[PDB]
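> Let me begin by handing over the structure; questions about it come next.
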Amino acid sequence: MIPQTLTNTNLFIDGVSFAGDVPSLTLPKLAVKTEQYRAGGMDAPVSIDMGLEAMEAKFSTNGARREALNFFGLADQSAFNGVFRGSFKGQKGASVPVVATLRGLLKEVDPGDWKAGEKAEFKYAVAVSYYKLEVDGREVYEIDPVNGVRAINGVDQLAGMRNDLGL
Amino acid sequence: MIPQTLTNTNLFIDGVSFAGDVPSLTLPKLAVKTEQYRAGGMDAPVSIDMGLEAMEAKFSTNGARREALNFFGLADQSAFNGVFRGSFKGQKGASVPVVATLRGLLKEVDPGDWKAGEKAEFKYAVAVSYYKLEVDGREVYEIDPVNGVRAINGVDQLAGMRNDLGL
Amino acid sequence: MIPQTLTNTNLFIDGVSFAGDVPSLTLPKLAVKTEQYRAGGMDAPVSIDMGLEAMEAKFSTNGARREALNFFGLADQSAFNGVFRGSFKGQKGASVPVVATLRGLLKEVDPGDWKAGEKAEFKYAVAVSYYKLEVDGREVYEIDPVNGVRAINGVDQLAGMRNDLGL
Amino acid sequence: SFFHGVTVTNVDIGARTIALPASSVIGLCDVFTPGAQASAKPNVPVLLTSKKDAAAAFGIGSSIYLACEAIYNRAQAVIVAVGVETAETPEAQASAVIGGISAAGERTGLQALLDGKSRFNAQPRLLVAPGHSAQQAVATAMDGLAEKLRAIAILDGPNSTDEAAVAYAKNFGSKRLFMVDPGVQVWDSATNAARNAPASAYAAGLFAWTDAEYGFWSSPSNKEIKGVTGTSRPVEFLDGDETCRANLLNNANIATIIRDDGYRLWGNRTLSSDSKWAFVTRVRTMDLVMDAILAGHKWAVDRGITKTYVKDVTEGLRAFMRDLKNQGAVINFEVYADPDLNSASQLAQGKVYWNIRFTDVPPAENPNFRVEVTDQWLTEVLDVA
Amino acid sequence: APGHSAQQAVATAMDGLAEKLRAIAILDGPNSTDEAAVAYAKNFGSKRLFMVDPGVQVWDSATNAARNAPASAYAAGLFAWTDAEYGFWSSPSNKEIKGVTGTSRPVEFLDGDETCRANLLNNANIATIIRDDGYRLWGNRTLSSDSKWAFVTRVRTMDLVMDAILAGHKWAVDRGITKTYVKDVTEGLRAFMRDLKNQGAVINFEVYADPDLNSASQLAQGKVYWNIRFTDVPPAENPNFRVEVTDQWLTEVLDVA
Amino acid sequence: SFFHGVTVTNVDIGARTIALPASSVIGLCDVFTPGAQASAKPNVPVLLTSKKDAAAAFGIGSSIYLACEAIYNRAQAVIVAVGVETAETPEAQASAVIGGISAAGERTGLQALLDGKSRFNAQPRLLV
């Protein structure tokens with residue numbers, strides 16, 4: 001392979017670009033909910049899946065930025081839309097985009113300490129109700145809890161439970 | 001003995017080589033599940049074994065690397081195969097390979113903070129359903145929870161419980 | 001007295017010497033199991049003994065070292081034998097040996113993170129089922145939980161409970 | 001051809017004989033006829049684990065099989081058995097049971113039991129020659145081979161009186177000999193009467209049964225002989241400083257069979273002239289403390305001498321000796337390297353010495369009841385009070 | 001030479017060629033008794049000979065029975081196996097012969113100053129196979145008439161300390177003699193000899209140029225001498241257990257106390 | 001001959017007598033019988049470090065060994081011991097324990113303890 005690393009990030013909240021004031025992004029940690037399964041005739045657990053964990057995407061701005069402050073605590077959950085973008089560089093110069101469109105509830109706004117000479121950072125966190133990760137313009141993840149979809153290469157892994165539940 | 005130390009690592013996920021972008025590997029911590037056993041006629045516990053603990057192998061990439069992102073959260077648990085390799089050097093120059101083929105469920109994908117000038121590291125973790133450690137091409141460990149096998153020098157330690165349970 | 005300090009360590013697992021690759025040893029922490037005893041006619045607890053705590057000796061190698069990897073998780077608990085040795089120097093040059101023969105179950109093998117340029121350290125831990133500490137070739141401690149023996153200067157402190165229990 | 005489906009077969013098989021599976025090995029030597037169904041060459045030892053394996057190698061009417069049935073009724077033991085062919089005169093029969101190296105180079109008779117290990121991995125800890133140990137020549141070949149093989153030979157006297165047993169027991173002052181004089185009277189199914197049996201094999205099946213349930217340090221001296229209906233002579237265990245037949249034979253260092261249609265092996269003295277080695281508990285424990293010590297320290301004959309060779313053996317010897325104090329074989333052992341005889345001139349020859357003192361558990365040979373009838377509690381009750 | 005080293009002419013050609021090739025020849029006796037092995041072992045007082053008398057009885061798959069085998073090749077596979085795991089200085093004298101089901105004669109290792117068959121053949125400098133359906137090669141004396149060269153540990157270590165010294169100092173036959181030729185060999189010899197003390201082949205070697213025989217008349221001929229004294233590790237041939245049954249701890253326990 | 005493999009040997013040895021190893025040296029002088037197993041000339045000092053070394057040089061029934069067993073039960077000390085041969089009368093016995101230069105030129109009795117250093121590098125700090 002080629003040594004490849006992120007060099008640049010961007011954020012689109014509602015189509016508006018945050019191309020001056022987002023120092024840090026955080027994509028949601030996709031964790032499956034394992035239960036360590038030890039049963040008869042075996043000495044070690046085996047970790048069956050039980051569904052996904054709850055996803056939170058957090059991000060920080062350090063200006064005022066009403067274009068992200070006005071999405072806190074709306075009555076409409078899953079109305080914060082948002083696109084986390086990253087450019088992964090690579091040694092040969094072939095920049096690969098990593099774009100994570102996501103949707104949910106902006107669940108906490110954390111204006112930190114305001115010291116005078118120190119940079120003040122508004123920390124936000126969203127409660128992700130839809131998540132699609134595209135790498136090099138190709139769908140890697142697509143997670144929609146309601147309308148239960150877990151696509152991993154465009155392949156919906158939950159077609160098994162969908163016919164079982166009659167969804 | 002000879003002073004011997006790892007110098008180089010490698011990773012094969014599904015035969016594909018990650019020979020450019022895995023900065024850190026972690027073999028699963030093999031811990032036996034002890035219960036401290038204090039009973040009649042004795043002043044100190046003695047720690048009987050109760051089987052093995054749950055094994056997790058974690059590893060990090062810091063490029064995009066769909067060849068490891070596409071194994072998260074599949075319906076098929078124990079479908080992530082994977083080979084952790086290490087080269088332990090030695091002072092006299094006799095490099096000893098340490099190769100740990102393992103199999104399980106890629107249970108969490110943790111894209112960390114994305115700051116602009118900072119290296120962004122995807123942290124992964126697998127839930128190990130099969131583990132074989134070979135050192136210098138010789139089987140040290142072989143742990144398969146279902147089909148209960150715990151081989152320590154090629155010697156299956158669970159042949160005692162296998163005949164007792166009628167497995 | 002004379003200012004005296006450890007300068008060198010060694011490890012024998014099964015008679016084999018680890019005289020190249022054990023950077024750290026740890027003798028088991030001998031803690032007595034106190035219960036803070038406050039009762040009638042007294043303002044402060046007094047800490048009666050209730051027996052010894054569980055002993056764990058841990059040690060690390062940082063080569064491959066199958067001669068310690070092949071003792072993990074055997075069916076035979078208390079089959080890991082092992083001799084922790086130390087040389088305490090002293091200012092006048094009279095080196096005093098501190099040798100701790102011990103026996104138990106090698107209960108966890110912890111191969112840590114494997115980064116490329118960084119030294120990789122296998123951390124082990126044994127669950128001590130027998131422990132004898134000799135200082136300057138003279139028995140200080142001798143702890144055998146089954147066959148309850150707690151000798152402190154060659155003097156078995158548990159001869160009192162041994163006749164009471166009819167052991 | 002073959003068969004598919006389930007067969008039923010009317011076949012008489014005689015009332016199974018469940019026994020505890022024992023780990024002790026027994027060296028057996030008696031007469032049989034080499035025929036068609038007997039698949040054993042005469043002076044060749046064979047390993048036995050079943051009454052079927054005893055009746056396939058030897059004849060079912062043989063005297064080997066009657067000795068092997070005598071052991072399998074009590075313990076499912078491993079038997080290295082040597083089928084000495086029969087002979088006319090008892091001088092030539094005792095010469096054939098003893099045997100020797102009188103072949104081209106092979107070992108015959110009792111001497112083939114020294115081949116029990118390296119042929120079958122079964123080095124016989126018990127030596128029995130049923131019906132032949134009554135001769136004084138065989139019982140000396142039993143003696144010198146029990147000293148070599150580090151075993152206990154189980155002898156037997158004649159069918160005659162008590163004085164013929166006492167006078168035959170004065171011919172031996174050996175530690176490894178254990179005489180059981182009164183023969184077993186066992187009911188034969190064929191003749192529908194009580195057949196005699198020399199009772200040495202019934203001792204050896206119980207001697208190996210005691211290792212299974214009670215351990216090798218326990219005495220076999222009150223345990224139950226199974227498969228027997230009586231003794232050849234009634235043996236009399238009574239009290240009162242008397243001439244009891246069980247007490248006469250114990251004082252000649254002979255075990256007997258004492259109660260209830262021949263129910264229990266009785267003595268526990270070996271035929272030793274030394275009071276330090278009086279009990280078979282002392283002889284068997286010292287013999288099998290080392291066989292556990294040796295088989296367990298086979299790494300000390302290779303593994304060229306390093307600095308901590310002598311230390312890693314002591315802590316290995318102490319570890320396989322606190323396992324023996326744990327289960328009750330010894331009481332408070334002592335293991336240490338011999339400080340006076342570990343030279344470097346000895347170490348260049350490969351010699352290095354250790355001292356393995358221990359204390360054996362004593363058998364409760366004589367419980368003493370001092371009983372008294374008093375009129376002390378004649379007022380405490382039986383009164384208005 | 002399996003099956004052929006029982007003849008006394010072949011076992012002398014094995015001898016003189018083991019002296020040339022600097023090896024250990026592994027002989028074997030006949031199928032006959034112990035005395036035919038002892039009397040055949042008195043024909044040799046050579047350092048490089050290692051007799052294993054009892055043949056191997058190995059189960060043949062074709063005939064579905066136990067075929068005999070002359071047991072010299074089973075010794076040589078174990079002699080070379082010991083170099084892999086334990087090193088060439090270790091003795092092969094308790095290691096496990098694999099692929100075998102028994103010996104041609106049952107060999108008897110017992111104690112008690114007796115006429116044990118394993119002890120009779122060791123005192124004639126013959127290795128045997130002693131336990132458990134023919135399980136372990138047993139002796140470690142070579143057929144030498146010199147007590148300085150009794151063990152094969154002594155013969156194999158001295159043979160393969162030099163084969164590591166020589167194959168590793170192949171630059172000393174070219175490289176015409178400069179001033180520090182003799183110094184660069186000693187520090188080269190000491191460096192490839194502290195690698196041997198490290199892994200346990202020797203204990204406290206001594207290497208130095210011979211001060212009395214390094215003339216200049218020798219140096220014009222290209223000759224230059226060195227002294228490579230060392231001490232070999234002794235094999236633990238006879239561990240001795242002095243066991244005693246006491247009544248010392250008959251009061252310390254078994255009492256009201 | 002030799003032996004290969006492990007021997008076991010039933011042998012009575014009497015209940016070991018562990019003591020702290022001491023650095024002091026002791027000058028000892030008592031009676032013994034010069035016989036076969038006693039490998040000591042009478043008026044010659046010998047260095048002792050063990051009860052075995054006391055019973056190999058002197059008799060186990062000697063009065064030297066009873067004095068040396070008396071020391072080795074408490075300290076593993078170095079003993080320069082001079083085995084003065086026995087005599088009939090207590091005037092001649094006390095004359096033989098004192099000793100002197102009454103040889104050709106040698107030193108006998110207690111006077112041989114002055115030879116303890118330069119024979120064994122043990123100059124006796126305790127005289128008994």
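A note on labels: chains of the structure tokens are A, B, ... as shown, every chain counts residues from 1, and ligands are counted from 1 in their shown order.
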Mind dumping a table of every chain B residue within 10 Å of chain E, with the nearest atom pair and its distance in Å to one decimal, using only C-alpha atoms, sorted by chain and rising number, as a tab-separated table?


```
residue	atom	partner	partner_atom	distance
B:1	CA	E:199	CA	6.2
B:2	CA	E:199	CA	8.2
B:92	CA	E:195	CA	9.5
```

> Can you write out as a tab-separated table which residues of chain F fall within 9 Å of chain D, alongside each residue's closest atom pair and its distance in Å to one decimal, counting only C-alpha atoms and ordering rows by chain and ascending residue number?


```
residue	atom	partner	partner_atom	distance
F:2	CA	D:349	CA	8.7
F:4	CA	D:301	CA	8.0
F:5	CA	D:301	CA	5.8
F:6	CA	D:301	CA	7.0
F:8	CA	D:290	CA	7.9
F:12	CA	D:357	CA	8.8
F:13	CA	D:357	CA	8.4
F:15	CA	D:357	CA	8.4
F:50	CA	D:340	CA	7.5
F:51	CA	D:340	CA	8.8
F:52	CA	D:340	CA	6.7
F:53	CA	D:340	CA	8.3
```

> List the spatial neighbours of residue 282 in chain D as an mmCIF file with N, CA, C and O atoms, in the first residue's frame - criterion: any atom at most 10 Å away, only C-alpha atoms, same-chain residues fewer than 2 positions off excluded.


```cif
data_model
loop_
_atom_site.group_PDB
_atom_site.id
_atom_site.type_symbol
_atom_site.label_atom_id
_atom_site.label_comp_id
_atom_site.auth_asym_id
_atom_site.auth_seq_id
_atom_site.Cartn_x
_atom_site.Cartn_y
_atom_site.Cartn_z
ATOM 1 N N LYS D 175 12.861 -58.334 53.986
ATOM 2 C CA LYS D 175 11.949 -57.205 54.085
ATOM 3 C C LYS D 175 10.828 -57.281 53.056
ATOM 4 O O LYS D 175 9.688 -56.910 53.347
ATOM 5 N N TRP D 217 0.061 -46.029 50.988
ATOM 6 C CA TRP D 217 0.535 -45.986 52.360
ATOM 7 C C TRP D 217 -0.402 -46.692 53.325
ATOM 8 O O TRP D 217 -0.012 -46.947 54.464
ATOM 9 N N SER D 218 -1.627 -46.985 52.912
ATOM 10 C CA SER D 218 -2.557 -47.662 53.797
ATOM 11 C C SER D 218 -2.232 -49.145 53.878
ATOM 12 O O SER D 218 -1.643 -49.731 52.970
ATOM 13 N N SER D 219 -2.615 -49.733 54.962
ATOM 14 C CA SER D 219 -2.352 -51.158 55.032
ATOM 15 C C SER D 219 -3.515 -51.935 54.434
ATOM 16 O O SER D 219 -4.660 -51.485 54.482
ATOM 17 N N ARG D 269 2.439 -57.369 59.154
ATOM 18 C CA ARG D 269 3.878 -57.469 59.284
ATOM 19 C C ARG D 269 4.441 -58.178 58.067
ATOM 20 O O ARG D 269 3.858 -59.146 57.574
ATOM 21 N N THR D 270 5.568 -57.685 57.578
ATOM 22 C CA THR D 270 6.320 -58.401 56.565
ATOM 23 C C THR D 270 7.291 -59.358 57.248
ATOM 24 O O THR D 270 7.454 -59.347 58.467
ATOM 25 N N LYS D 276 12.706 -51.974 62.307
ATOM 26 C CA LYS D 276 12.552 -50.745 61.547
ATOM 27 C C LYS D 276 11.736 -50.984 60.286
ATOM 28 O O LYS D 276 11.074 -50.066 59.792
ATOM 29 N N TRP D 277 11.748 -52.207 59.768
ATOM 30 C CA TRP D 277 11.007 -52.573 58.572
ATOM 31 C C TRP D 277 9.957 -53.629 58.867
ATOM 32 O O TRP D 277 9.804 -54.592 58.126
ATOM 33 N N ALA D 278 9.222 -53.460 59.962
ATOM 34 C CA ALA D 278 8.269 -54.481 60.374
ATOM 35 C C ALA D 278 7.009 -54.456 59.520
ATOM 36 O O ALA D 278 6.548 -55.502 59.057
ATOM 37 N N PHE D 279 6.441 -53.280 59.297
ATOM 38 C CA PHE D 279 5.161 -53.172 58.620
ATOM 39 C C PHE D 279 5.351 -53.087 57.118
ATOM 40 O O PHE D 279 6.317 -52.496 56.633
ATOM 41 N N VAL D 280 4.394 -53.651 56.377
ATOM 42 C CA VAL D 280 4.402 -53.470 54.933
ATOM 43 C C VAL D 280 4.034 -52.057 54.548
ATOM 44 O O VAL D 280 4.331 -51.643 53.430
ATOM 45 N N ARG D 284 6.118 -50.493 51.685
ATOM 46 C CA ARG D 284 5.445 -50.072 50.460
ATOM 47 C C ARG D 284 5.525 -48.562 50.264
ATOM 48 O O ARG D 284 5.597 -48.092 49.125
ATOM 49 N N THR D 285 5.491 -47.789 51.355
ATOM 50 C CA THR D 285 5.533 -46.333 51.237
ATOM 51 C C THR D 285 6.894 -45.869 50.760
ATOM 52 O O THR D 285 6.987 -45.072 49.825
ATOM 53 N N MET D 286 7.962 -46.383 51.380
ATOM 54 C CA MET D 286 9.325 -46.059 50.972
ATOM 55 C C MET D 286 9.605 -46.517 49.551
ATOM 56 O O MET D 286 10.377 -45.878 48.831
ATOM 57 N N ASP D 287 8.966 -47.600 49.123
ATOM 58 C CA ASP D 287 9.149 -48.093 47.767
ATOM 59 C C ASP D 287 8.421 -47.222 46.756
ATOM 60 O O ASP D 287 8.937 -46.974 45.662
ATOM 61 N N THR D 359 8.895 -39.225 57.286
ATOM 62 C CA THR D 359 8.236 -40.038 58.301
ATOM 63 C C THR D 359 6.982 -40.659 57.712
ATOM 64 O O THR D 359 6.146 -39.953 57.141
ATOM 65 N N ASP D 360 6.850 -41.971 57.854
ATOM 66 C CA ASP D 360 5.703 -42.696 57.338
ATOM 67 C C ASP D 360 4.569 -42.691 58.356
ATOM 68 O O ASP D 360 4.792 -42.555 59.560
ATOM 69 N N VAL D 361 3.349 -42.839 57.860
ATOM 70 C CA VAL D 361 2.176 -42.890 58.735
ATOM 71 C C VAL D 361 2.091 -44.274 59.376
ATOM 72 O O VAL D 361 2.239 -45.287 58.676
ATOM 73 N N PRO D 362 1.903 -44.363 60.689
ATOM 74 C CA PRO D 362 1.856 -45.666 61.344
ATOM 75 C C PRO D 362 0.472 -46.279 61.248
ATOM 76 O O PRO D 362 -0.539 -45.575 61.369
ATOM 77 N N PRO D 363 0.380 -47.585 61.018
ATOM 78 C CA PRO D 363 -0.927 -48.243 61.027
ATOM 79 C C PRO D 363 -1.405 -48.520 62.443
ATOM 80 O O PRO D 363 -0.626 -48.831 63.343
ATOM 81 N N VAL E 245 13.623 -43.285 56.134
ATOM 82 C CA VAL E 245 12.359 -43.241 56.852
ATOM 83 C C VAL E 245 12.669 -43.045 58.329
ATOM 84 O O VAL E 245 13.352 -43.872 58.943
#
```

> Could you list, as a list in words, every residue within 12 Å of residue 66 in chain A, counting only C-alpha atoms and ignoring same-chain residues fewer than 4 positions away?

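Using only C-alpha atoms, the neighbours found are residues 13, 14, 16, 18, 61, 62, 70, 71, 72, 109 and 122 of chain A.
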
> Pick out the residues sitting within 7 Å of range 226-230 of chain D, and hand them over as a ChimeraX atom specification; count only C-alpha atoms, and ignore anything fewer than 6 positions along from it in its own chain.

/D:73-74,184-187,261-262

> Got a sec to tell me which of range 53-279 of chain D DSSP assigns to alpha helix (DSSP H), as a count of residues only?

64

> Taking only residues of chain A that have an atom at most 9 Å from an atom of chain B, what is each one's shortest atom pair and its distance in Å to one decimal, using only C-alpha atoms, in chain and number order, as a tab-separated table?


```
residue	atom	partner	partner_atom	distance
A:1	CA	B:20	CA	4.9
A:2	CA	B:20	CA	5.4
A:3	CA	B:20	CA	5.1
A:4	CA	B:63	CA	4.6
A:5	CA	B:63	CA	4.9
A:6	CA	B:120	CA	5.8
A:7	CA	B:116	CA	5.7
A:8	CA	B:116	CA	4.8
A:9	CA	B:116	CA	5.9
A:22	CA	B:115	CA	8.6
A:23	CA	B:115	CA	5.8
A:24	CA	B:115	CA	4.5
A:25	CA	B:114	CA	4.8
A:26	CA	B:113	CA	4.8
A:27	CA	B:111	CA	6.1
A:28	CA	B:111	CA	7.3
A:29	CA	B:110	CA	4.7
A:30	CA	B:109	CA	5.2
A:31	CA	B:108	CA	4.0
A:32	CA	B:107	CA	5.2
A:33	CA	B:107	CA	7.7
A:34	CA	B:107	CA	7.3
A:36	CA	B:54	CA	6.9
A:37	CA	B:54	CA	8.9
A:38	CA	B:145	CA	8.5
A:40	CA	B:165	CA	8.9
A:41	CA	B:148	CA	6.6
A:42	CA	B:148	CA	4.9
A:43	CA	B:51	CA	4.7
A:44	CA	B:52	CA	4.9
A:45	CA	B:54	CA	5.3
A:46	CA	B:129	CA	5.5
A:47	CA	B:127	CA	6.4
A:48	CA	B:77	CA	7.3
A:49	CA	B:77	CA	7.6
A:51	CA	B:73	CA	8.6
A:52	CA	B:73	CA	8.1
A:58	CA	B:113	CA	9.0
A:59	CA	B:113	CA	8.7
A:86	CA	B:114	CA	8.1
A:88	CA	B:63	CA	6.7
A:89	CA	B:63	CA	8.4
A:90	CA	B:63	CA	7.9
A:96	CA	B:64	CA	7.8
A:97	CA	B:64	CA	8.8
A:98	CA	B:64	CA	7.4
A:135	CA	B:64	CA	7.0
A:136	CA	B:64	CA	8.7
A:140	CA	B:70	CA	6.5
A:141	CA	B:70	CA	8.1
A:150	CA	B:73	CA	8.1
A:151	CA	B:74	CA	8.7
A:152	CA	B:70	CA	5.8
A:153	CA	B:70	CA	6.2
A:157	CA	B:75	CA	5.6
A:158	CA	B:75	CA	7.5
A:160	CA	B:75	CA	8.4
```

> Can you write out as CSV which residues of chain E fall within 7 Å of chain D, alongside each residue's closest atom pair and its distance in Å to one decimal, counting only C-alpha atoms and ordering rows by chain and ascending residue number?


```
residue,atom,partner,partner_atom,distance
E:32,CA,D:105,CA,7.0
E:33,CA,D:105,CA,5.1
E:90,CA,D:304,CA,6.4
E:91,CA,D:302,CA,6.3
E:93,CA,D:302,CA,6.0
E:94,CA,D:302,CA,5.4
E:102,CA,D:119,CA,6.6
E:106,CA,D:118,CA,5.4
E:107,CA,D:118,CA,6.4
E:108,CA,D:115,CA,6.7
E:110,CA,D:149,CA,6.6
E:111,CA,D:148,CA,6.8
E:112,CA,D:148,CA,6.6
E:130,CA,D:118,CA,6.1
E:131,CA,D:118,CA,4.5
E:132,CA,D:121,CA,4.3
E:133,CA,D:118,CA,5.0
E:134,CA,D:118,CA,5.8
E:233,CA,D:304,CA,6.3
E:234,CA,D:304,CA,5.4
E:235,CA,D:304,CA,3.7
E:236,CA,D:350,CA,4.6
E:237,CA,D:350,CA,4.5
E:238,CA,D:351,CA,4.7
E:239,CA,D:352,CA,5.2
E:240,CA,D:353,CA,4.5
E:241,CA,D:354,CA,4.9
E:242,CA,D:355,CA,4.6
E:243,CA,D:356,CA,4.4
E:244,CA,D:357,CA,4.5
E:245,CA,D:358,CA,5.2
E:246,CA,D:359,CA,4.9
E:247,CA,D:359,CA,5.5
E:248,CA,D:359,CA,6.7
E:249,CA,D:359,CA,6.1
```

> Using Å and a single decimal, report how far CA of residue 151 in chain D sits from CA of residue 322 in chain D.

23.9 Å

> Could you check the closest approach to residue 255 in chain D for each of D:320, D:3, D:207, D:178 and tell me which residue wins, using only C-alpha atoms?

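Under the stated criterion, the closest residue is D:178.
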